[PDB]
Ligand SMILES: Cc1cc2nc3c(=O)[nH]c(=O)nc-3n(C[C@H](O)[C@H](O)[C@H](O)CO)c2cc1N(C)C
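Given next, in structure tokens, is a single chain: the form deposited without the named molecule.
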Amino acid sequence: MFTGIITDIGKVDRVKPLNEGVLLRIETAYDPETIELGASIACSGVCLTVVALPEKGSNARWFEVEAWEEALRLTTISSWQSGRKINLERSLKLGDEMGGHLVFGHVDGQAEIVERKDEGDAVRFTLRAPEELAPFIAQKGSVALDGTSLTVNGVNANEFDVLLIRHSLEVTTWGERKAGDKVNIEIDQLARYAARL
């Protein structure tokens, strides 16, 4: 699992279509020696499996992942092209600190940014959630948006707000986000227990 604390901003280097899937090569600051084949890396909130790493002796820093039919459909990955910057988070190991919330990287769908407002040390983003997810977005609840652990600041029907402190905008893809952008949305464990009920 993950926490929603982004540790790198990766860059989509290569996009190769597969039968009902895609192969992505992601440029990273992570050391590929510390990455295991088959490890899970959250790519803008999407849990994906590492399928390839640079050969022995190479100085290149990248990893390849595959995204299949369901992920291409539900998530923003269908839109990703070469040059796309994405949030990265490595999987948590037994005993690791968890600074955000419990993030599985099992994206529920997409939310749309409908407004972006500067508020001094933070930017307030207003998003539109899919109607099916809306009853499970509660004020003070933990939400993962492009893999970023955020607190729901306020709700208004299918709309909800999140506050992003300036530093978060610099160290995540949130700095690039604008009205009209789609982001991956994952509801927390508590909202899911309310959602299954």
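Shifts are known only where both forms have a C-alpha. Each form is matched to the other, and the largest set of C-alpha atoms that superpose within 1.5 Å is called the rigid core. Note that residue numbering begins at 1 and tracks the sequence as displayed.
From this point on, the text means the form deposited with the named molecule bound, which you will not see here.
Considering the named molecule in the bound PDB entry, the lone stretch of 27-35, 65-73, 52-60, 127-135 in range is 65-73 [heavy atom distance within 4.5 Å].
Here is the short version: of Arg116, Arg90, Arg84, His101, the single residue with a heavy atom within 4.5 Å of the named molecule in the bound PDB entry is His101.
For the chain shown alone, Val155 is not a contact residue for the named molecule in the bound PDB entry, no non-hydrogen atom being within 4.5 angstroms. Although the partner is absent here, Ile5 sits close enough that one of its heavy atoms falls within 4.5 Å of the named molecule in the bound PDB entry.
Put simply, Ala111 is far from the named molecule in the bound PDB entry: not one heavy atom of it is within 4.5 Å. Along 102-140, these residues reach a heavy atom to within 4.5 Å of the named molecule in the bound PDB entry: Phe104, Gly105, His106, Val107. Look at the core-aligned forms between the shown form and the other one and you find runs of 3 or more residues with C-alpha shifts of 2 angstroms or more at 97-100, 193-195.
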